[PDB]
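Secondary and tertiary structure notes
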Amino acid sequence: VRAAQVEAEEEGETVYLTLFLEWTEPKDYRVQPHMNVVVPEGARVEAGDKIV
Amino acid sequence: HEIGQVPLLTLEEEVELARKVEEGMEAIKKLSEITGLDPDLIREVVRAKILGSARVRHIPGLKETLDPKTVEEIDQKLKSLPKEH
DNA sequence: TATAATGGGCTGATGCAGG
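**Some points on helix α3 (residues 68-78) of chain B**
Residue and element names in this part refer to chain B.
- Listed as buried for α3 are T70, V71 and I74. End-on, the buried residues of α3 take up no more than an arc of 95 degrees, which puts them together on one face.
- Where α3 is buried, its residues touch α2 (39-51).

What follows is the structure in structure tokens.
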């Protein structure tokens, strides 16, 4: 996980970070013998593209 | 001995090969319509270059005599198509 | 045209890979 922009506000002896954070969440998919993966390693996909 | 040289397929390799064969025939049917040519003739021209020029002959039923002249001309129209074709 | 099936039942003349 990583932080792009950081905006900070100060109040009392505390600071509050509104973090513009950027990360990747993994999901595993199981392939079985009669299916073929039609996507290469490291391809970029939008919502709704076909993987296998 | 010579058939013992080919390993036998696994269930996935079998379905992979079967897969590509059928999709390949669907390929050639649509290439008949784009092209205005004849599926059988396209089938043999595709056929020619996979095997090598070792085998090139007249195939019964095709309208053109199948010699390196026509398979070059027909192949280069095939390759003269847009990238999506 | 569709379960799956995947490797057989005696002599002489001459031209050769080898001590």
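**Some thoughts on the protein's contact with DNA strand C**
- Taken together, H1, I3, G4 and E14 of chain B form the complete shell of residues around DNA strand C.
- Its residues assigned to classes, the surface near DNA strand C shows one nonpolar, two polar and one charged.

**Details of a nonpolar patch on the surface**
Residues and elements named next belong to chain A.
- A cluster of nonpolar side chains, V1, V6, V15, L17, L19, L21 and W23, forms an exposed patch at the surface whose accessible area comes to about 750 Å².
- Residue contributions to the nonpolar patch peak at four residues, all from strand β2 (residues 14-22).
- With respect to the secondary-structure elements, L21 resides in strand β2.
- On the basis of relative accessible area, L21 is assigned to the partly exposed category, the value being 46%.

**A word on the interface of chain B and chain A**
- Listed per partner, the contact involves four residues of chain B and four residues of chain A.
- When the area that chain B buries against chain A is broken down by residue, the three leading residues are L11, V15 and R19 of chain B, summing to 82%.
- At the junction of chain B with chain A, the criterion picks out zero salt bridges.
- Looking at side-chain class alone, the side of chain B that touches chain A contains two nonpolar, no polar and two charged residues.

**Quick word on the packing of α2 of chain B against α3 of chain B**
Residue and element names in this part refer to chain B.
- Following both chains from N to C, one finds α2 and α3 inclined at 100 degrees, their axes separated by 10 Å at the closest point. In this view, α2 runs roughly perpendicular relative to α3, as classed from their interaxial angle. On the side of α2, the interface is formed by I42, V45 and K49, while α3 contributes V71, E72, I74, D75 and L78.
- Its residues assigned to classes, the contact of α2 with α3 shows five nonpolar, no polar and three charged.

**Quick look at the pairing of strand β1 (residues 2-11) of chain A**
Residue and element names in this part refer to chain A.
- Within β1, only zero of the 10 residues are buried, leaving the element largely exposed.
- With eight bridges connecting them, β1 and β2 associate as antiparallel partners. Paired with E10 across the strands is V15, a residue of β2.

**A closer look at helix α1 (residues 11-35) of chain B**
- Taking 1.5 Å per residue as the helical rise, α1 of chain B with its 25 residues ought to reach 36 Å, and the 36 Å between its terminal C-alpha atoms agrees with that figure.
- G36 of chain B, located one to two residues past α1 of chain B, shows a positive phi value of around 75 degrees.

Thresholds applied
Residues numbered from 1 in each chain as written, not as in the entry; some residues may be left out. Chains lettered and ligands numbered in written order. Part of a larger assembly, values for the part shown. Heavy atoms only, no water. Buried < 20%, exposed > 50% of the residue type's maximum accessible area, 1.4 Å probe, protein only. Helix = DSSP H or I, 4+ residues; strand = E, 2+ residues; numbered from the N terminus. Arc of directions from axis to C-beta. Contact = heavy atoms within 4.5 Å. Near = heavy atom within 4 Å. Nonpolar A, V, L, I, M, F, W, Y, C, P; charged D, E, K, R; others polar. Patch = residues over 30% accessible without salt bridge, like charges linked within 9 Å, V, L, I, M, F, W, Y side chains within 5 Å. Areas by Shrake-Rupley, 256 points an atom, 1.4 Å probe, with all protein chains shown as cover. Salt bridge = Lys/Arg side-chain N within 4 Å of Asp/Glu carboxyl O. Buried area = accessible area lost by both parts, 1.4 Å probe. Axes fitted to C-alpha atoms, helices over the stretch in contact; angles between N-to-C directions. Parallel < 35°, antiparallel > 145°, perpendicular 65-115°, else oblique. Pairing = 2+ DSSP bridges. Expected span 1.5 Å × (residues − 1).

None of this, on its own, says anything about what the molecule does.
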